[PDB]
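J.: Hey, dropping data-v4.cif in here, mmCIF, C-alpha atoms (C1' of nucleotides):
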data_work
#
loop_
_atom_site.group_PDB
_atom_site.id
_atom_site.type_symbol
_atom_site.label_atom_id
_atom_site.label_comp_id
_atom_site.auth_asym_id
_atom_site.auth_seq_id
_atom_site.Cartn_x
_atom_site.Cartn_y
_atom_site.Cartn_z
ATOM 1 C CA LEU E 1143 7.673 69.410 -92.790
ATOM 2 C CA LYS E 1144 10.842 69.409 -90.699
ATOM 3 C CA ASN E 1145 12.248 72.356 -92.654
ATOM 4 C CA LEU E 1146 9.182 74.561 -92.173
ATOM 5 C CA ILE E 1147 8.704 73.512 -88.542
ATOM 6 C CA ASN E 1148 12.321 74.319 -87.765
ATOM 7 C CA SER E 1149 12.230 77.511 -89.790
ATOM 8 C CA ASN E 1150 9.453 79.184 -87.833
ATOM 9 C CA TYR E 1151 9.056 77.105 -84.681
ATOM 10 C CA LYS E 1152 12.433 75.557 -83.913
ATOM 11 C CA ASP E 1153 12.879 77.706 -80.808
ATOM 12 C CA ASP E 1154 10.007 75.521 -79.629
ATOM 13 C CA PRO E 1155 7.903 73.298 -81.932
ATOM 14 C CA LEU E 1156 5.184 73.284 -79.264
ATOM 15 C CA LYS E 1157 4.559 76.790 -80.621
ATOM 16 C CA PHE E 1158 3.435 75.232 -83.900
ATOM 17 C CA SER E 1159 0.016 75.716 -85.413
ATOM 18 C CA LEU E 1160 -1.251 74.972 -88.909
ATOM 19 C CA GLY E 1161 -2.453 78.566 -89.004
ATOM 20 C CA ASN E 1162 -4.414 79.844 -91.990
ATOM 21 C CA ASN E 1163 -4.385 76.414 -93.667
ATOM 22 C CA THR E 1164 -7.845 75.077 -92.792
ATOM 23 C CA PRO E 1165 -7.942 71.265 -93.131
ATOM 24 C CA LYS E 1166 -10.933 69.151 -94.003
ATOM 25 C CA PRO E 1167 -12.399 67.415 -90.929
ATOM 26 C CA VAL E 1168 -12.097 63.783 -89.963
ATOM 27 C CA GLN E 1169 -14.897 61.596 -91.325
ATOM 28 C CA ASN E 1170 -17.194 60.627 -88.443
ATOM 29 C CA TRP E 1171 -14.442 59.260 -86.219
ATOM 30 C CA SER E 1172 -15.206 57.834 -82.782
ATOM 31 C CA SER E 1173 -13.271 60.841 -81.422
ATOM 32 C CA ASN E 1174 -13.728 64.571 -81.857
ATOM 33 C CA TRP E 1175 -10.953 66.167 -83.898
ATOM 34 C CA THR E 1176 -9.932 69.656 -84.966
ATOM 35 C CA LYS E 1177 -7.056 71.652 -86.391
ATOM 36 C CA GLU E 1178 -5.736 71.421 -82.821
ATOM 37 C CA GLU E 1179 -5.599 67.611 -82.803
ATOM 38 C CA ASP E 1180 -4.006 67.812 -86.253
ATOM 39 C CA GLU E 1181 -1.402 70.302 -85.016
ATOM 40 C CA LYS E 1182 -0.537 68.211 -81.966
ATOM 41 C CA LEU E 1183 -0.258 65.103 -84.146
ATOM 42 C CA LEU E 1184 2.091 66.954 -86.501
ATOM 43 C CA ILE E 1185 4.277 68.053 -83.581
ATOM 44 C CA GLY E 1186 4.279 64.433 -82.434
ATOM 45 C CA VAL E 1187 5.409 63.163 -85.837
ATOM 46 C CA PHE E 1188 8.125 65.828 -85.815
ATOM 47 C CA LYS E 1189 9.358 64.688 -82.396
ATOM 48 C CA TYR E 1190 9.119 60.957 -83.146
ATOM 49 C CA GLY E 1191 8.922 60.623 -86.936
ATOM 50 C CA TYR E 1192 6.233 59.068 -89.078
ATOM 51 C CA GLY E 1193 4.566 55.852 -88.007
ATOM 52 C CA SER E 1194 5.744 55.956 -84.382
ATOM 53 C CA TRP E 1195 2.106 55.621 -83.488
ATOM 54 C CA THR E 1196 2.565 54.222 -79.978
ATOM 55 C CA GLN E 1197 4.879 57.080 -79.007
ATOM 56 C CA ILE E 1198 2.723 59.576 -80.904
ATOM 57 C CA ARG E 1199 -0.358 58.565 -78.913
ATOM 58 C CA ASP E 1200 1.522 58.210 -75.621
ATOM 59 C CA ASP E 1201 3.192 61.627 -75.583
ATOM 60 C CA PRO E 1202 0.914 63.560 -73.195
ATOM 61 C CA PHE E 1203 1.980 67.015 -74.377
ATOM 62 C CA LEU E 1204 -0.027 66.167 -77.501
ATOM 63 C CA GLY E 1205 -3.158 65.432 -75.448
ATOM 64 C CA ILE E 1206 -3.750 62.551 -77.840
ATOM 65 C CA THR E 1207 -3.515 59.823 -75.250
ATOM 66 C CA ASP E 1208 -7.286 59.500 -74.821
ATOM 67 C CA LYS E 1209 -8.385 60.270 -78.352
ATOM 68 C CA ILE E 1210 -6.727 57.458 -80.343
ATOM 69 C CA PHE E 1211 -7.280 53.720 -80.155
ATOM 70 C CA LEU E 1212 -5.179 50.571 -80.372
ATOM 71 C CA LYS E 1245 -13.078 48.463 -84.008
ATOM 72 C CA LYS E 1246 -13.187 52.086 -82.900
ATOM 73 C CA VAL E 1247 -12.867 54.100 -86.059
ATOM 74 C CA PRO E 1248 -9.446 55.812 -86.299
ATOM 75 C CA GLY E 1249 -6.361 53.623 -86.346
ATOM 76 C CA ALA E 1250 -2.847 53.500 -87.758
ATOM 77 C CA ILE E 1251 -4.098 53.327 -91.358
ATOM 78 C CA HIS E 1252 -6.486 56.228 -90.766
ATOM 79 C CA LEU E 1253 -3.713 58.170 -89.026
ATOM 80 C CA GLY E 1254 -1.464 57.561 -92.028
ATOM 81 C CA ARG E 1255 -4.108 58.777 -94.466
ATOM 82 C CA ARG E 1256 -4.763 61.819 -92.262
ATOM 83 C CA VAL E 1257 -1.059 62.692 -92.203
ATOM 84 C CA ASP E 1258 -0.918 62.220 -95.977
ATOM 85 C CA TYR E 1259 -3.798 64.665 -96.419
ATOM 86 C CA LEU E 1260 -2.483 67.183 -93.898
ATOM 87 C CA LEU E 1261 1.030 67.264 -95.342
ATOM 88 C CA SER E 1262 -0.305 67.399 -98.909
ATOM 89 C CA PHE E 1263 -2.567 70.330 -97.993
ATOM 90 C CA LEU E 1264 0.198 72.205 -96.166
ATOM 91 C CA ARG E 1265 2.661 71.534 -98.992
ATOM 92 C CA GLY E 1266 -0.111 72.766 -101.239
ATOM 93 C "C1'" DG I 1 -29.405 69.676 -112.649
ATOM 94 C "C1'" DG I 2 -27.994 64.733 -112.871
ATOM 95 C "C1'" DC I 3 -24.875 60.847 -113.084
ATOM 96 C "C1'" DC I 4 -20.579 58.671 -112.978
ATOM 97 C "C1'" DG I 5 -15.920 58.623 -111.434
ATOM 98 C "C1'" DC I 6 -12.733 59.122 -107.864
ATOM 99 C "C1'" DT I 7 -11.400 58.787 -103.134
ATOM 100 C "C1'" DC I 8 -11.626 56.889 -98.736
ATOM 101 C "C1'" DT I 9 -12.780 53.279 -95.623
ATOM 102 C "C1'" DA I 10 -13.348 48.432 -94.459
ATOM 103 C "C1'" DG I 11 -12.378 43.607 -94.902
ATOM 104 C "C1'" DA I 12 -9.553 39.941 -96.301
ATOM 105 C "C1'" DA I 13 -5.196 37.750 -97.534
ATOM 106 C "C1'" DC I 14 -0.397 37.042 -97.361
ATOM 107 C "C1'" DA I 15 4.237 37.589 -95.687
ATOM 108 C "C1'" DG I 16 7.730 38.555 -92.414
ATOM 109 C "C1'" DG I 17 9.573 38.813 -87.990
ATOM 110 C "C1'" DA I 18 9.987 36.935 -83.506
ATOM 111 C "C1'" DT I 19 10.729 32.958 -80.393
ATOM 112 C "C1'" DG I 20 11.468 28.306 -79.068
ATOM 113 C "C1'" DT I 21 12.674 23.586 -80.082
ATOM 114 C "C1'" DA I 22 14.587 19.676 -82.468
ATOM 115 C "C1'" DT I 23 17.676 17.504 -85.639
ATOM 116 C "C1'" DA I 24 21.548 16.993 -88.376
ATOM 117 C "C1'" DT I 25 26.240 17.930 -89.078
ATOM 118 C "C1'" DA I 26 30.774 19.051 -87.788
ATOM 119 C "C1'" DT I 27 34.604 18.982 -84.635
ATOM 120 C "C1'" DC I 28 37.167 17.335 -81.087
ATOM 121 C "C1'" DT I 29 39.337 13.773 -78.597
ATOM 122 C "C1'" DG I 30 42.231 9.740 -78.319
ATOM 123 C "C1'" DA I 31 44.720 5.908 -79.602
ATOM 124 C "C1'" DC I 32 46.960 3.092 -82.809
ATOM 125 C "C1'" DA I 33 49.885 2.307 -86.680
ATOM 126 C "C1'" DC I 34 53.385 3.416 -89.735
ATOM 127 C "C1'" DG I 35 57.463 5.813 -91.180
ATOM 128 C "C1'" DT I 36 61.966 7.871 -90.329
ATOM 129 C "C1'" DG I 37 66.385 8.617 -88.235
ATOM 130 C "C1'" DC I 38 69.833 7.813 -85.049
ATOM 131 C "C1'" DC I 39 72.331 5.406 -81.741
ATOM 132 C "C1'" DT I 40 73.539 1.390 -79.379
ATOM 133 C "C1'" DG I 41 73.962 -3.270 -78.884
ATOM 134 C "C1'" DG I 42 74.453 -7.471 -80.923
ATOM 135 C "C1'" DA I 43 76.784 -10.271 -84.076
ATOM 136 C "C1'" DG I 44 81.030 -11.941 -85.953
ATOM 137 C "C1'" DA I 45 85.886 -13.114 -85.422
ATOM 138 C "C1'" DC I 46 89.984 -14.691 -82.780
ATOM 139 C "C1'" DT I 47 92.833 -16.213 -78.631
ATOM 140 C "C1'" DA I 48 94.066 -17.889 -73.946
ATOM 141 C "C1'" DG I 49 93.250 -19.726 -69.722
ATOM 142 C "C1'" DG I 50 90.391 -21.961 -66.555
ATOM 143 C "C1'" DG I 51 86.796 -25.065 -65.464
ATOM 144 C "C1'" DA I 52 84.571 -28.914 -66.230
ATOM 145 C "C1'" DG I 53 84.664 -33.545 -67.372
ATOM 146 C "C1'" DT I 54 86.730 -38.024 -67.148
ATOM 147 C "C1'" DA I 55 89.022 -41.928 -64.780
ATOM 148 C "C1'" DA I 56 90.714 -44.503 -60.887
ATOM 149 C "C1'" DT I 57 91.051 -45.837 -56.115
ATOM 150 C "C1'" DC I 58 89.985 -45.959 -51.360
ATOM 151 C "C1'" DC I 59 87.279 -45.274 -47.362
ATOM 152 C "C1'" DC I 60 83.286 -44.547 -44.954
ATOM 153 C "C1'" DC I 61 78.599 -44.816 -44.565
ATOM 154 C "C1'" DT I 62 74.207 -47.002 -45.293
ATOM 155 C "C1'" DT I 63 71.487 -50.811 -45.648
ATOM 156 C "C1'" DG I 64 70.067 -55.269 -44.037
ATOM 157 C "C1'" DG I 65 69.768 -59.083 -40.546
ATOM 158 C "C1'" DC I 66 69.332 -61.029 -35.818
ATOM 159 C "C1'" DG I 67 67.679 -61.198 -30.938
ATOM 160 C "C1'" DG I 68 65.773 -59.627 -26.797
ATOM 161 C "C1'" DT I 69 63.433 -56.543 -23.940
ATOM 162 C "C1'" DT I 70 60.485 -52.916 -22.813
ATOM 163 C "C1'" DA I 71 57.262 -49.535 -23.592
ATOM 164 C "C1'" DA I 72 53.774 -48.078 -26.295
ATOM 165 C "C1'" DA I 73 49.659 -48.906 -28.808
ATOM 166 C "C1'" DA I 74 45.414 -51.082 -29.251
ATOM 167 C "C1'" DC I 75 41.257 -52.903 -27.512
ATOM 168 C "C1'" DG I 76 37.651 -52.383 -24.214
ATOM 169 C "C1'" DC I 77 34.010 -50.192 -21.163
ATOM 170 C "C1'" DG I 78 31.324 -46.665 -18.634
ATOM 171 C "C1'" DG I 79 30.119 -42.262 -17.323
ATOM 172 C "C1'" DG I 80 30.174 -37.481 -17.698
ATOM 173 C "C1'" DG I 81 30.473 -33.304 -20.106
ATOM 174 C "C1'" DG I 82 30.093 -30.816 -24.070
ATOM 175 C "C1'" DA I 83 27.901 -30.001 -28.285
ATOM 176 C "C1'" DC I 84 23.916 -29.306 -30.820
ATOM 177 C "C1'" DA I 85 18.858 -27.686 -31.609
ATOM 178 C "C1'" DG I 86 15.592 -25.033 -30.196
ATOM 179 C "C1'" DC I 87 13.293 -20.745 -28.503
#
Kindly present the structure from the file in structure tokens form.
T.:
Amino acid sequence: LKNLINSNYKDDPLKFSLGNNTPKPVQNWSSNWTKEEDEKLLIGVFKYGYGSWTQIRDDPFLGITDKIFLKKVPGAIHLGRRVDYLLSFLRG
DNA sequence: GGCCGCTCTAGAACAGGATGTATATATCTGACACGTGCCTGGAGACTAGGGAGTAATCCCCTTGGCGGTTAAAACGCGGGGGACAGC
């Protein structure tokens, strides 16, 4: 992930998009989600690493700060699984 | 076209980290006792001279007695002032 994001984007990773890779949607989360929310999450994880979920959610350039919770559906485990899928798909 | 397997989500359990408190253990602190080494004083030895002790005699002082006189002490009595208790 860091190699590909540097390789194209490094001039500014805020340029990043997942592009032609079309991910499967989130399953009925309490928040609407798209390739855009995925892309912003990926840029977050690039800036702050995996599992930095407080910083990932808090960074306002990602626009996440509303969409992700501390029994509302998506949480750290769901975020982890989503990242696992997204990176597996992009590496595929 | 149908059913089962696989994947994801949800719940439950366990462990670790974080924080505060209590308890046990270690360390310090001090004084005494013993050992060691060195130096000084005491102990031992010997001599000479002075002081103390001993003896005798004489003189002065102290103790005891007598007598008289005078002053002091003791006994007595009354009144006043001070001391004591109270408030």
J.: Nearest to chain I: which of E:1255, E:1166, E:1246, E:1157 is it, counting all atoms listed in the file?
T.: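 Of E:1255, E:1166, E:1246, E:1157, the one nearest chain I is E:1255, counting all atoms listed in the file.
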J.: For residue E:1180, please output as a ChimeraX atom specification all residues within 10 Å (counting all atoms listed in the file; exclusion window: fewer than 4 positions along the same chain).
T.: /E:1159-1160,1165,1167-1168,1175-1176,1184-1186,1204,1206,1256-1257,1260
J.: Once the PyMOL selection byres ((chain E) within 10 of (chain I)) has been applied to the shown file, what residues remain in the selection, as an NGL selection string?
T.: :E and (1169 or 1247 or 1251-1252 or 1255)
J.: Give me, please, the distance in Å between atom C1' of residue I:15 and atom CA of residue E:1198, quoted to one decimal.
T.: 26.5 Å
J.: Some atoms are absent from stretch 1172-1193 of chain E, so rebuild N, CA, C and O atoms and return them as a JSON list (two decimals), in the coordinates of the input.
T.:
[["chain", "number", "residue", "atom", "x", "y", "z"],
["E", 1172, "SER", "N", -14.75, 58.06, -84.15],
["E", 1172, "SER", "CA", -15.21, 57.83, -82.78],
["E", 1172, "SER", "C", -14.67, 58.87, -81.80],
["E", 1172, "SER", "O", -15.03, 58.82, -80.62],
["E", 1173, "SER", "N", -13.84, 59.80, -82.26],
["E", 1173, "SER", "CA", -13.27, 60.84, -81.42],
["E", 1173, "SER", "C", -13.42, 62.18, -82.12],
["E", 1173, "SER", "O", -13.28, 62.27, -83.34],
["E", 1174, "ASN", "N", -13.72, 63.21, -81.34],
["E", 1174, "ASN", "CA", -13.73, 64.57, -81.86],
["E", 1174, "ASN", "C", -12.32, 65.02, -82.22],
["E", 1174, "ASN", "O", -11.34, 64.68, -81.56],
["E", 1175, "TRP", "N", -12.23, 65.80, -83.30],
["E", 1175, "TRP", "CA", -10.95, 66.17, -83.90],
["E", 1175, "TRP", "C", -11.07, 67.55, -84.51],
["E", 1175, "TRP", "O", -12.13, 67.94, -85.01],
["E", 1176, "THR", "N", -9.96, 68.29, -84.48],
["E", 1176, "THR", "CA", -9.93, 69.66, -84.97],
["E", 1176, "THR", "C", -8.55, 69.94, -85.53],
["E", 1176, "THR", "O", -7.64, 69.10, -85.47],
["E", 1177, "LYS", "N", -8.39, 71.14, -86.08],
["E", 1177, "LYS", "CA", -7.06, 71.65, -86.39],
["E", 1177, "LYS", "C", -6.10, 71.51, -85.22],
["E", 1177, "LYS", "O", -4.89, 71.34, -85.43],
["E", 1178, "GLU", "N", -6.60, 71.59, -83.99],
["E", 1178, "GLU", "CA", -5.74, 71.42, -82.82],
["E", 1178, "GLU", "C", -5.20, 70.00, -82.70],
["E", 1178, "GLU", "O", -4.00, 69.80, -82.47],
["E", 1179, "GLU", "N", -6.07, 68.99, -82.82],
["E", 1179, "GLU", "CA", -5.60, 67.61, -82.80],
["E", 1179, "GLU", "C", -4.65, 67.33, -83.96],
["E", 1179, "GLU", "O", -3.63, 66.64, -83.78],
["E", 1180, "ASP", "N", -4.94, 67.88, -85.13],
["E", 1180, "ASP", "CA", -4.01, 67.81, -86.25],
["E", 1180, "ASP", "C", -2.65, 68.40, -85.89],
["E", 1180, "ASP", "O", -1.61, 67.78, -86.13],
["E", 1181, "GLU", "N", -2.64, 69.62, -85.35],
["E", 1181, "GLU", "CA", -1.40, 70.30, -85.02],
["E", 1181, "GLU", "C", -0.58, 69.51, -84.00],
["E", 1181, "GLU", "O", 0.63, 69.35, -84.16],
["E", 1182, "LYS", "N", -1.24, 69.02, -82.95],
["E", 1182, "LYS", "CA", -0.54, 68.21, -81.97],
["E", 1182, "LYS", "C", 0.01, 66.93, -82.59],
["E", 1182, "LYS", "O", 1.13, 66.52, -82.28],
["E", 1183, "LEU", "N", -0.77, 66.28, -83.46],
["E", 1183, "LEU", "CA", -0.26, 65.10, -84.15],
["E", 1183, "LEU", "C", 0.98, 65.43, -84.97],
["E", 1183, "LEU", "O", 1.94, 64.65, -85.00],
["E", 1184, "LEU", "N", 0.94, 66.54, -85.70],
["E", 1184, "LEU", "CA", 2.09, 66.95, -86.50],
["E", 1184, "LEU", "C", 3.33, 67.20, -85.64],
["E", 1184, "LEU", "O", 4.43, 66.78, -86.00],
["E", 1185, "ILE", "N", 3.16, 67.88, -84.51],
["E", 1185, "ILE", "CA", 4.28, 68.05, -83.58],
["E", 1185, "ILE", "C", 4.78, 66.71, -83.07],
["E", 1185, "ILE", "O", 5.99, 66.49, -82.93],
["E", 1186, "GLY", "N", 3.87, 65.78, -82.80],
["E", 1186, "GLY", "CA", 4.28, 64.43, -82.43],
["E", 1186, "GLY", "C", 5.14, 63.77, -83.49],
["E", 1186, "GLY", "O", 6.20, 63.23, -83.19],
["E", 1187, "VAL", "N", 4.67, 63.77, -84.73],
["E", 1187, "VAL", "CA", 5.41, 63.16, -85.84],
["E", 1187, "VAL", "C", 6.75, 63.85, -86.06],
["E", 1187, "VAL", "O", 7.72, 63.21, -86.48],
["E", 1188, "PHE", "N", 6.83, 65.15, -85.79],
["E", 1188, "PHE", "CA", 8.12, 65.83, -85.82],
["E", 1188, "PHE", "C", 9.05, 65.34, -84.70],
["E", 1188, "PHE", "O", 10.24, 65.12, -84.94],
["E", 1189, "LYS", "N", 8.52, 65.16, -83.50],
["E", 1189, "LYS", "CA", 9.36, 64.69, -82.40],
["E", 1189, "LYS", "C", 9.78, 63.23, -82.57],
["E", 1189, "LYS", "O", 10.89, 62.87, -82.18],
["E", 1190, "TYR", "N", 8.92, 62.40, -83.15],
["E", 1190, "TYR", "CA", 9.12, 60.96, -83.15],
["E", 1190, "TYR", "C", 9.10, 60.34, -84.54],
["E", 1190, "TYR", "O", 9.17, 59.11, -84.65],
["E", 1191, "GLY", "N", 9.01, 61.14, -85.59],
["E", 1191, "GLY", "CA", 8.92, 60.62, -86.94],
["E", 1191, "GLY", "C", 7.56, 60.06, -87.29],
["E", 1191, "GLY", "O", 6.66, 59.91, -86.46],
["E", 1192, "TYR", "N", 7.42, 59.74, -88.57],
["E", 1192, "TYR", "CA", 6.23, 59.07, -89.08],
["E", 1192, "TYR", "C", 6.10, 57.67, -88.49],
["E", 1192, "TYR", "O", 7.09, 57.00, -88.18],
["E", 1193, "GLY", "N", 4.86, 57.23, -88.33],
["E", 1193, "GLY", "CA", 4.57, 55.85, -88.01],
["E", 1193, "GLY", "C", 5.00, 55.39, -86.64],
["E", 1193, "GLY", "O", 4.98, 54.19, -86.37]]
